[PDB]
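Have a look at the structure below before the remarks.
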Amino acid sequence: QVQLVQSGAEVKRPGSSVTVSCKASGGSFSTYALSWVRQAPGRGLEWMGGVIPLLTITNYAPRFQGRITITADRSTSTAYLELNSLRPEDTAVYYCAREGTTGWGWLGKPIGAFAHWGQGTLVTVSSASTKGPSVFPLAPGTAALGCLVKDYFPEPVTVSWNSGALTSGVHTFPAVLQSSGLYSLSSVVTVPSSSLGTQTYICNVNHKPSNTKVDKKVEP
Amino acid sequence: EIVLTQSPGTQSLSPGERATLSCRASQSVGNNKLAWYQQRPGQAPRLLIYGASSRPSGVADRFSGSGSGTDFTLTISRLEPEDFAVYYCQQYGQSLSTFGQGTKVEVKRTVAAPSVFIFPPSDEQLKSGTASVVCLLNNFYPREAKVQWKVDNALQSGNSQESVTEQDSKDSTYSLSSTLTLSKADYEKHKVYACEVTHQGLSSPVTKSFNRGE
Amino acid sequence: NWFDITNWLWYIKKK
Ligand SMILES: O=P(O)(O)OC[C@H](O)CO
Ligand SMILES: O=P(O)(O)OC[C@H](O)CO
Ligand SMILES: [NH3+]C1CCCCC1
Ligand SMILES: [NH3+]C1CCCCC1
Ligand SMILES: [NH3+]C1CCCCC1
């Protein structure tokens, strides 16, 4: 079986260059085409280019020609994407993808189409520094309550309620990027009004990069 | 460059319904080198069809591809719950490979008006010198909804951000949260904070509001 | 087509 494992998320300053790696195991590394595909947040897939390692032949999309380099190292079965002169519009998840093969096994006739995908690498182009969030209550028929997780960097934060015991009616929204360059995220839950006096609601917020781990009791 | 057009960009369909997704190319795709991918939120794309009509082993045979030249179709014979996702076509008949913009197949359900809630800024946040006012639009369908902020009846622009959840896996609704942000000083200059909501399920706009400091 | 190159590599490894 073919497995593609990419390097981890990285924050890059505007104007800098990023290198993303893709280590392959299984099948043949040198005789199958390896491509890079990116996806900006909330947008579609975009093919950037590829390499055939045995022949050291690259193929770049015109809109990246002059700004990217793709290379392959047969000794480690690793492929690399370099993207230069980074701008905010380059913030995206970058995927490596290898063409599939027909028949049994993974050494058959190549199919061109991308059967094997890496897990993706989030590249965030930003001038922001690591910062932990503040956690503010959204104080409460049906009642709504929640937590506002404001001003953190980088992604992600995770939120649970009552240590995971409460999931019904929970909505945790996608983060938004503020003009400051910091993220904000809201999580809400609806509960019976009658439960407000006789039940505690606690939002559990985790931001690993800042070691912010807060359990915020939300009351009327 | 071959431009691939996937129209409509969204299809609202019922569980168990047949789905047909179109991919039209600006010119003939060499050797039917056309593929289809599925992508669910937070996951890498997955190959469903290559060479216009070939299906890899392991891919469910309710997915079938057809077409040639410029006109291609992905057919899903009967939508399973896991089939609600985004589908992309891709051509690789030229050295410049391109993707369609994607079609989201989402769950059709009955109309549900948003339940609206407004939250003043916490005392804790106000101590820090900033005021975030939050408006929640909960459990509505279809996805199209609009929020406007009014402060002492003055329509606000440029000081709010919003986001929307993925379709709920249980009841197939959406929710939306919008946050109005002001400095403490500016927040304290005004009395009435209101969010005004419009939606297909509403015959007239719904306004939720509070008076600062009550 | 760059996409066709590995097919030929496969073919000439056979023969
Ligand atoms: O390049 P090959 O054909 O020698 O095979 C490389 C191995 O598959 C290592 O992934
Ligand atoms: O990145 P490429 O495809 O332009 O390759 C660089 C050349 O091999 C250097 O002469
Ligand atoms: N490991 C190296 C591969 C691409 C060039 C720079 C890093
Ligand atoms: N209609 C498409 C919008 C961007 C990618 C997902 C589907
Ligand atoms: N002798 C084989 C080596 C790899 C390319 C195809 C032929």
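Letters for chains follow the order of the structure tokens (A, B, ...), residue numbers begin at 1 for each chain, and ligand numbers begin at 1 in the order shown.
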Tell me, as a PyMOL selection string, which residues lie within 12 Å of residue 11 in chain C, counting only C-alpha atoms; anything in the same chain fewer than 2 positions away does not count. (chain A and resi 31+107-110) or (chain C and resi 4-9+13-15)
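Of the residues in chain A, those that DSSP places in helix (DSSP H, G or I) on the basis of the backbone are residues 53, 54, 55, 62, 63, 64, 88, 89, 90, 162, 163, 164, 193, 194, 195, 196, 208, 209 and 210 of chain A.
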Please find the residues contacting ligand 3 at a distance of at most 9 Å between atoms, with only C-alpha atoms and all ligand atoms counted, and report them as a PDB file with N, CA, C and O atoms, in the first residue's frame.
ATOM      1  N   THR A  19       9.112  25.440   2.463  1.00  0.00           N
ATOM      2  CA  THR A  19       9.379  24.125   1.909  1.00  0.00           C
ATOM      3  C   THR A  19       8.448  23.122   2.572  1.00  0.00           C
ATOM      4  O   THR A  19       8.402  23.022   3.799  1.00  0.00           O
ATOM      5  N   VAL A  20       7.693  22.392   1.765  1.00  0.00           N
ATOM      6  CA  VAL A  20       6.835  21.342   2.294  1.00  0.00           C
ATOM      7  C   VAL A  20       7.357  20.003   1.799  1.00  0.00           C
ATOM      8  O   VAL A  20       7.698  19.864   0.626  1.00  0.00           O
ATOM      9  N   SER A  21       7.437  19.021   2.691  1.00  0.00           N
ATOM     10  CA  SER A  21       7.961  17.713   2.305  1.00  0.00           C
ATOM     11  C   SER A  21       6.867  16.635   2.282  1.00  0.00           C
ATOM     12  O   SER A  21       5.836  16.748   2.960  1.00  0.00           O
ATOM     13  N   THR A  69       9.410  25.496  -6.925  1.00  0.00           N
ATOM     14  CA  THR A  69      10.366  24.461  -7.308  1.00  0.00           C
ATOM     15  C   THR A  69       9.868  23.153  -6.719  1.00  0.00           C
ATOM     16  O   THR A  69       9.533  23.088  -5.541  1.00  0.00           O
ATOM     17  N   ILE A  70       9.792  22.113  -7.539  1.00  0.00           N
ATOM     18  CA  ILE A  70       9.481  20.789  -7.018  1.00  0.00           C
ATOM     19  C   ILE A  70      10.692  19.894  -7.236  1.00  0.00           C
ATOM     20  O   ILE A  70      11.262  19.865  -8.331  1.00  0.00           O
ATOM     21  N   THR A  71      11.105  19.191  -6.186  1.00  0.00           N
ATOM     22  CA  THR A  71      12.255  18.294  -6.283  1.00  0.00           C
ATOM     23  C   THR A  71      11.939  16.946  -5.634  1.00  0.00           C
ATOM     24  O   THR A  71      10.983  16.811  -4.862  1.00  0.00           O
ATOM     25  N   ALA A  72      12.731  15.943  -5.981  1.00  0.00           N
ATOM     26  CA  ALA A  72      12.523  14.592  -5.467  1.00  0.00           C
ATOM     27  C   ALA A  72      13.856  14.003  -5.038  1.00  0.00           C
ATOM     28  O   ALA A  72      14.869  14.192  -5.712  1.00  0.00           O
ATOM     29  N   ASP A  73      13.855  13.314  -3.903  1.00  0.00           N
ATOM     30  CA  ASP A  73      15.061  12.683  -3.383  1.00  0.00           C
ATOM     31  C   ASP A  73      14.809  11.188  -3.288  1.00  0.00           C
ATOM     32  O   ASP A  73      14.130  10.719  -2.377  1.00  0.00           O
ATOM     33  N   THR A  78      11.412  11.059  -0.775  1.00  0.00           N
ATOM     34  CA  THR A  78      10.749  12.269  -0.332  1.00  0.00           C
ATOM     35  C   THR A  78      10.669  13.270  -1.480  1.00  0.00           C
ATOM     36  O   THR A  78      11.635  13.460  -2.217  1.00  0.00           O
ATOM     37  N   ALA A  79       9.505  13.888  -1.645  1.00  0.00           N
ATOM     38  CA  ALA A  79       9.340  14.964  -2.617  1.00  0.00           C
ATOM     39  C   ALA A  79       9.177  16.273  -1.875  1.00  0.00           C
ATOM     40  O   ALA A  79       8.697  16.282  -0.743  1.00  0.00           O
ATOM     41  N   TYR A  80       9.574  17.374  -2.512  1.00  0.00           N
ATOM     42  CA  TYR A  80       9.548  18.679  -1.860  1.00  0.00           C
ATOM     43  C   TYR A  80       8.866  19.723  -2.739  1.00  0.00           C
ATOM     44  O   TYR A  80       9.049  19.734  -3.952  1.00  0.00           O
ATOM     45  N   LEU A  81       8.079  20.595  -2.108  1.00  0.00           N
ATOM     46  CA  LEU A  81       7.519  21.776  -2.764  1.00  0.00           C
ATOM     47  C   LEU A  81       8.138  23.008  -2.123  1.00  0.00           C
ATOM     48  O   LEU A  81       8.082  23.143  -0.913  1.00  0.00           O
ATOM     49  N   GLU A  82       8.768  23.866  -2.930  1.00  0.00           N
ATOM     50  CA  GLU A  82       9.177  25.203  -2.482  1.00  0.00           C
ATOM     51  C   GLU A  82       8.261  26.233  -3.104  1.00  0.00           C
ATOM     52  O   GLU A  82       8.068  26.222  -4.318  1.00  0.00           O
TER      53      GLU A  82
END
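Between ligand 5 and the residues A:52, A:11, A:165, A:24, the shortest atom-to-atom distance, using only C-alpha atoms and all ligand atoms, involves A:52.
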Against chain A, which residues of chain B fall within 6 Å? For each one I want the closest pair of atoms and the distance in Å (one decimal), counting only C-alpha atoms, rows by chain and increasing residue number, as a tab-separated table.
residue	atom	partner	partner_atom	distance
B:47	CA	A:115	CA	5.4
B:96	CA	A:61	CA	5.8
B:101	CA	A:44	CA	5.5
B:165	CA	A:173	CA	5.4
Please produce a file of those selected residues containing N, CA and C atoms, as an mmCIF file, in the first residue's frame.
data_model
loop_
_atom_site.group_PDB
_atom_site.id
_atom_site.type_symbol
_atom_site.label_atom_id
_atom_site.label_comp_id
_atom_site.auth_asym_id
_atom_site.auth_seq_id
_atom_site.Cartn_x
_atom_site.Cartn_y
_atom_site.Cartn_z
ATOM 1 N N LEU B 47 -10.185 9.804 -4.808
ATOM 2 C CA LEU B 47 -10.479 9.498 -6.199
ATOM 3 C C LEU B 47 -11.666 8.554 -6.340
ATOM 4 N N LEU B 96 -0.981 21.068 -18.572
ATOM 5 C CA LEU B 96 -1.637 21.902 -17.571
ATOM 6 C C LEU B 96 -2.924 21.244 -17.124
ATOM 7 N N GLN B 101 -14.636 23.930 -10.194
ATOM 8 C CA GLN B 101 -14.686 24.673 -8.945
ATOM 9 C C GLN B 101 -15.362 23.882 -7.816
ATOM 10 N N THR B 165 -21.701 27.168 10.371
ATOM 11 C CA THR B 165 -21.343 25.764 10.567
ATOM 12 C C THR B 165 -21.571 24.917 9.310
#
Chain C contacts to chain B at 8 Å (only C-alpha atoms) as a PyMOL selection string: chain C and resi 1-3
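In this model, the gap between CA of residue 211 in chain B and CA of residue 122 in chain B comes to 14.1 Å.
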Which residues form the shell of 7 Å around ligand 1 when you count only C-alpha atoms and all ligand atoms, given as a list in words? residues 24, 25, 26, 27, 28, 29, 30, 31, 74 and 77 of chain A
